[PDB]
Amino acid sequence: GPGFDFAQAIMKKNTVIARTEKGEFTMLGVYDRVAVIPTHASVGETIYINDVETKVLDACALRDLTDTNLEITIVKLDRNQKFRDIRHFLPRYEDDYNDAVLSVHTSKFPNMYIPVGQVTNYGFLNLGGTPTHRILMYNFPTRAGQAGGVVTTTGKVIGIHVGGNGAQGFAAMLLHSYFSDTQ
């Protein structure tokens, strides 16, 4: 179906397996050598990208106007391969959505596709003790190891998975404005 075709294409061309000291994460490549990863991955000065030691040229843990964690870290990678530019698939504002898919790919969870259904946005989530803003919630019982998983709808890349409470899953919202690249 159309949703799954889109999630599969995003997985096909715009993800890598990232590995920090904290373990494996699904990593979404956004454009050029810029990718995102949940902030609790604790990205260092180097990171394994599909098992290749890759220097980190920059790592920026995003925080909003309120100096509040957004749980996305934007990473610039020292590698020759260039990500296809999917910034046009990113929402421009916070929204709700229907029929979302959570797509994960790691060694532990290879090629995982979960139709999580309706997604609702919130301004708030206390994430393992850290206040966090701009969160998408889906009523599905996600599990540790899916962090960084990409959430999509037909034609939109809307968030990356950051955590869960046993019954619900939470994603950090992706906004086009994050990747404005205006110094």
Side-chain angles (χ1 to χ4, degrees), residues 1-11 14-20 22-30 35-43 47-50 61-62 64 68-75 86 89-91 94-97 99-107 109-117 119-175 178:
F4 174 83
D5 296 329
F6 182 81
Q8 186 154 27
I10 291 291
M11 280 342 279
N14 283 83
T15 62
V16 300
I17 300 174
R19 205 184 255 282
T20 71
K22 307 320 232 213
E24 264 185 350
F25 300 82
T26 301
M27 168 172 266
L28 178 67
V30 182
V36 293
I37 188 160
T39 297
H40 65 271
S42 305
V43 173
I47 180 160
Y48 291 95
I49 299 299
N50 304 322
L62 292 187
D64 71 1
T68 292
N69 172 56
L70 290 162
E71 199 53 21
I72 284 158
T73 289
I74 295 166
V75 176
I86 52 161
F89 289 130
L90 301 183
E94 299 103 301
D95 207 357
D96 300 337
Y97 302 89
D99 304 303
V101 177
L102 173 61
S103 289
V104 167
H105 181 80
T106 59
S107 73
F109 300 119
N111 300 118
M112 167 178 247
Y113 293 89
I114 306 302
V116 299
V119 175
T120 300
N121 84 108
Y122 299 81
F124 301 82
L125 179 86
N126 183 331
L127 184 75
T130 311
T132 310
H133 291 168
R134 281 200 200 123
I135 294 288
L136 289 167
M137 173 307 270
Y138 26 94
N139 257 309
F140 193 96
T142 57
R143 69 201 308 312
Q146 301 175 337
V150 192
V151 188
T152 67
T153 60
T154 283
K156 310 267 46 162
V157 179
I158 71 173
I160 56 159
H161 185 79
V162 290
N165 60 13
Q168 286 90 58
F170 309 103
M173 289 178 106
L174 287 166
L175 297 170
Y178 292 161

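Excluded from the calculations below are hydrogen atoms, water molecules and symmetry mates; all remaining heavy atoms, backbone and side chain alike, are included. All residue numbers in this chain count up from 1 along the given sequence.
Legend: residues meeting ring-ring contact (aromatic ring centres under 6.0 Å, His included) with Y178, ordered by chain and number and at least two apart, are absent. Remark: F124 engages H133 in a ring-ring contact (aromatic ring centres under 6.0 Å, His included) (not counting sequence neighbours).
Side-chain contact between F170 and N165 is present, with heavy atoms from C-beta onward closer than 4.5 Å. The closest side-chain heavy-atom distance from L102 to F140 is not below 4.5 Å. Considering only heavy atoms from C-beta on, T106 comes within 4.5 Å of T26 through its side chain. Between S103 and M112, the closest side-chain pair of non-hydrogen atoms is not below 4.5 Å. Counting only heavy atoms from C-beta outward, the side chains of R134 and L175 approach each other to under 4.5 Å.
Here CG of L127 is found 11.5 Å from CG of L70. Values are rounded to the nearest 0.5 Å. Remark: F89 CZ to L174 CG distance equals 13.5 Å, nearest 0.5 Å. Separating the OG1 atom in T73 from the NE2 atom in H40 is a distance of 10.0 Å, to the nearest 0.5 Å.
With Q146 contributing its side chain and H161 its backbone, the two residues share no donor-acceptor pair below 3.5 Å. Judged by distance alone, the side chain of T20 and the main-chain N or O of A41 form a donor-acceptor pair under 3.5 Å. In this structure, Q8 contributes its side chain and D5 its backbone to no donor-acceptor pair below 3.5 Å. Counting only distance, with no hydrogens or angles, the side chain of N50 and the backbone of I17 share a donor-acceptor pair below 3.5 Å. A donor-acceptor pair under 3.5 Å is absent between the side-chain atoms of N14 and the main chain of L28, judged by distance alone.
No side-chain donor from either of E71 and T132 sits under 3.5 Å from a side-chain acceptor of the other.
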